[PDB]
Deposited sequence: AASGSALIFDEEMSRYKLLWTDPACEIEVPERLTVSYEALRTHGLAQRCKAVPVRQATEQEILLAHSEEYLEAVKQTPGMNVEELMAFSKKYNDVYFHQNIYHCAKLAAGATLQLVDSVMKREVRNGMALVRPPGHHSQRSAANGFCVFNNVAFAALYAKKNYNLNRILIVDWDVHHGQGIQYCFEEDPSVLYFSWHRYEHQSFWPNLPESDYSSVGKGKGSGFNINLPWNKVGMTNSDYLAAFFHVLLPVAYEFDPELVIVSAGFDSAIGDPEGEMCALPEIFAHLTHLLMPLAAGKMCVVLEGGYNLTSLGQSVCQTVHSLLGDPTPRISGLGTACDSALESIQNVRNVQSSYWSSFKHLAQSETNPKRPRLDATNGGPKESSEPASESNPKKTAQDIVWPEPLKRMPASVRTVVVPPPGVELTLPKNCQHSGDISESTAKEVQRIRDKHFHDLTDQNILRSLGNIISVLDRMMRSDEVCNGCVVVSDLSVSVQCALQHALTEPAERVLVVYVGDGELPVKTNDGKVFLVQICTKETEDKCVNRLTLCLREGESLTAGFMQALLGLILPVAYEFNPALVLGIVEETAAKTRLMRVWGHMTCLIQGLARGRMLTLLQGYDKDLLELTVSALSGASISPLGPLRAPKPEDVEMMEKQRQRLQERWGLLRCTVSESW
């Protein structure tokens, strides 16, 4: 798997609302032209394999629609304006054009082309700049601004033409995709997640099925997840707490073979129909947190977004992470608001009967590797290798100051890898630890690095303190090591490669994102349990703009380390840990949700 696909055609911009209708005036053809021109300006569309648009055959349109309804819209190109707005009134909040039936077939055919490109390994992922939208249309009705359900096409299409059993659909538009839910209501093959502006049913489409109540029907119960926003103005911490505490936990245990997203960017600050406060760069992290799933095979499909002057900002942030570009640091993170915590609390409980990890107790080169000198590995063409008189004087300065061996090559490289990163990231095999870890961050704290995230697996204490607020330590052991300092975290069978994940999504990732570090420092000791380190290394790349320095003490582990630093696809894990292991997590979630509010998944108890 190599590039990334971008499907688009100017022809889908040649149909518009031809009368006065305040319901659909926000839906204009200029949404599609500004999104491509934004990708063109920032030097993004030129970096993606442009797959041409095809039409969707009526053999494919009947996968999710009835013949009675397809023949009804097939007669629209011959209707005049008087006849068109009469046909548009038989449906709710939608308009039709002389060219809309032609563009809607291009709408489905665009996503299907994206599905084929991603599933044939032609590309690693992709995005479809497409109009009209999709997730409102049902089996025999047009609704919202949509005619045919674009990503519901893709799901049954991928279910049919590729024999895939587990497809994850994410709908981060803030309108409920009721067409998706209806299509796969009784279907456990397709897991549909959807957050949306609800306001206690006050907001369109005003459906009871949009509430967290609806989990599914029949054998498909458990694979429909609705997270209703009950107040407007949700921020980045609200959106990320959602991912960390409901979507990502069940996604990795769902272990999807293909992830499809309903990209709606009215969830961003400035959109008149969404009225939310999330910055455009939050979408760079939404996609990134979904890349370890399905080995990266992710097909983004456009839905909503109406602030023309800011819609292009988030479509580029989506493509930026799609190409693997460094994600921007998110500052100002904290606790989700009380209503967001109320919604995340409710659906976590209603879904707890299926995803049991929700139960509660009663109340251009971007990496550099310096491996043990003399080794030669096969590196994916975006890596390099090794000091200098500028650097050696610093190593000599530190040599007699605080501390002979060949570890002075460990240090000379460790200094120059950090000088080079402040290239994106790196990784170094190290001799003795304490001198390597000490020289690493002590040289990093003066790089300058405002704050330094530190992740270390192994036992015993590492050689640095967490007194001030410029450092935070993550550690996974075999012993208890009950800590008291809040700027730290110590954690801990065959359940290790399965319980560590939900401890990374539910605990490690939330505190780090609030920490907003300038540099991540990964350390492991020789001691292994390797089936998971690649999944970890991938998701922290969302912090510190990707700058992470890994220190292995080396085994075959190095080959998998650099795999995620370089941006390659990440191996799936396959689909529940120990009870004493999650008692370990909430014993430190209650301890840490004081300082770091992003760990909270319930509304605070008032004193």
Give me the ranges of the deposited sequence that have no CA atoms here, in sequence order. 1, 365-411, 435-436, 454-457, 477-480, 551-553, 589-592, 619-620, 643-644
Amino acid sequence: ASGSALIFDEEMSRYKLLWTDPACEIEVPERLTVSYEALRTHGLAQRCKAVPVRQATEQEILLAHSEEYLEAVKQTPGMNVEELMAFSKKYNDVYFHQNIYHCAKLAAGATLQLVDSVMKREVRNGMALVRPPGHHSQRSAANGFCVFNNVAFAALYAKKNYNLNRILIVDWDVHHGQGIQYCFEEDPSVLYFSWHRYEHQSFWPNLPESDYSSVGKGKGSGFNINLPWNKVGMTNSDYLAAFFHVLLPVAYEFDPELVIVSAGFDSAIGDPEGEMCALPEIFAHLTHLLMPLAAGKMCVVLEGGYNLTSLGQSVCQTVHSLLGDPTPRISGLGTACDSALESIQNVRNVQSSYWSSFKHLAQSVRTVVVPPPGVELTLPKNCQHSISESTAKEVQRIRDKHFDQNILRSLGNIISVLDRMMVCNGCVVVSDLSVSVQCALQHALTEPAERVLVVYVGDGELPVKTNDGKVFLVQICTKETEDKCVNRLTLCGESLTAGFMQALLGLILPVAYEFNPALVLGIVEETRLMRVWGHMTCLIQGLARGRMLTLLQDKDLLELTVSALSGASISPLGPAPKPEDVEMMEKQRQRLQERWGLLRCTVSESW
From here on, numbers count along this sequence of modelled residues.
The stretch whose C-alpha atoms carry the larger average B-factor in the entry, 426-434 or 292-300, is 426-434
Mean CA temperature factor from the deposited coordinates, higher in 77-85 or in 170-178? 77-85
Per the PDB entry, maximal CA B factor within 63, 38, 557, 32: 557
Which one of 139, 479, 231, 196 shows the biggest C-alpha B-factor in the PDB entry? 479
Determine, from the deposited record, the chain-internal third of the Cα B-factor for residue 570: lowest, middle or highest. highest
Binned into thirds over the chain's modelled residues, the C-alpha B-factor of residue 400 lands in the highest
Would you please rank residue 585 by its C-alpha temperature factor against the other modelled residues of its chain and give the third it falls in: lowest, middle or highest? highest
How does residue 272 rank on Cα B-factor within its chain, lowest, middle or highest third? lowest
Going by what the PDB entry lists, where does residue 306 fall on CA B-factor within its chain: lowest, middle or highest third? lowest
